[PDB]
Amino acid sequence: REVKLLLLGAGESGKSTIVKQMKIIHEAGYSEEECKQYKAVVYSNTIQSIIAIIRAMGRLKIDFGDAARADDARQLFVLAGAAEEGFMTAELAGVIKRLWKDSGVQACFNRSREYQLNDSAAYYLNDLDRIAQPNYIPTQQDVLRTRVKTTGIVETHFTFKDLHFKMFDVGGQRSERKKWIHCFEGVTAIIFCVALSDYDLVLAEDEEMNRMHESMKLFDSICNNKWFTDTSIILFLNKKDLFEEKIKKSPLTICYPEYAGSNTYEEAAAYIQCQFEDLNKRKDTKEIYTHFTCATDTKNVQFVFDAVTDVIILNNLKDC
């Protein structure tokens, strides 16, 4: 019997990363050939991240910590074209490594809410020696950590607990929202993804809009749409790993000026959960199933998706 799951949520909330985890958990992972297809995506993501930080240093007027890095930044652009084609020379890796270690680059990196930077930037840039090896093959985590904006509708199938799942993934940026309705028929459950760590960020599409406010508006729209009255609504409050680190140092009042809790994970995570669950206009007749997730962590997603599946089996799959 069949289960249709629809992943919704704003840009970069983690939807496509959950799709990848289904392949890893239920279909034995990415093969060597599949992993090699992501090599140019890893190198592209790495190059674009250090270039984004270097672009921002001009905008924010941040100097390199060491003047010698000015020539490394020149060579970055001379050499960058290779990474884009799947090649990563020792020379290019050296240049990126010295840039990434510079104190002015780090000062800019630690101000990334002021610009747009991929969440996996530090992941890849801290792992340069490893990804620049001859005959590097991306790991499962390297594949999970890649970032490519979704611009169509993606359908993946897998079997789990004797059920045939069809999982649908669509893009969440504003340009792609018009396509969500093509996926609205026959949905067993929506998995609505929220990036917890987006509370102090602005939209890539619009620098005046707070990313978490955008996510709230989208959840209010979906959760309360009467077309989905008998579709289970699962809320993944995702990027809990990034949120744990950010809440130590970036005030939640950027997003919610009435927040009176401390700069700690449990209080702030519960507060955000309550802000989204409060958007439900029919609290006694519509249940939200909320999980806190780290979509790049296979063990977390495995146990959370096991729990989610058990609920769907109980609620949606009786045989009359």
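Position 1 is the first residue in the sequence shown; the rest follow in order.
**Student:** In the PDB record, does 135 to 143 or 85 to 93 carry the higher mean Cα temperature factor?
**Tutor:** Per the PDB record, 85 to 93.
**Student:** Comparing average C-alpha B factors as deposited, tell me which of 215 to 223 and 74 to 82 sits higher.
**Tutor:** Looking at the recorded C-alpha B-factors, 74 to 82 comes out higher on average.
**Student:** Between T293, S262, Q273, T46, which one tops the list for C-alpha B-factor in the PDB entry?
**Tutor:** Out of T293, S262, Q273, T46, the record gives the largest C-alpha B-factor to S262.
**Student:** Pick out which of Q116, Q106, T229, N238 has the highest C-alpha B-factor in the PDB entry.
**Tutor:** Highest C-alpha B-factor among the listed residues goes to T229.
**Student:** Relative to the other modelled residues in the chain, which third contains the C-alpha temperature factor of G58: lowest, middle or highest?
**Tutor:** Middle third - that is where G58 ends up once the chain's C-alpha B-factors are sorted.
**Student:** Please say which third, lowest, middle or highest, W180 falls into when its CA temperature factor is compared across its chain.
**Tutor:** Middle third, going by the recorded CA B-factors of the chain.
**Student:** So where's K149 on the chain's Cα temperature factor ranking, which third?
**Tutor:** For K149, whose C-alpha B-factor we compare with every modelled residue in the chain, the answer is the highest third.
**Student:** Quick check for you: using the entry's CA B-factors within this chain, is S250 in the lowest, middle or highest third?
**Tutor:** It belongs to the highest third of the chain when residues are ordered by C-alpha B-factor.
**Student:** With respect to C-alpha B-factor, does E266 fall in the lowest, middle or highest third of the chain as deposited?
**Tutor:** Its C-alpha B-factor belongs to the middle third of this chain's values.
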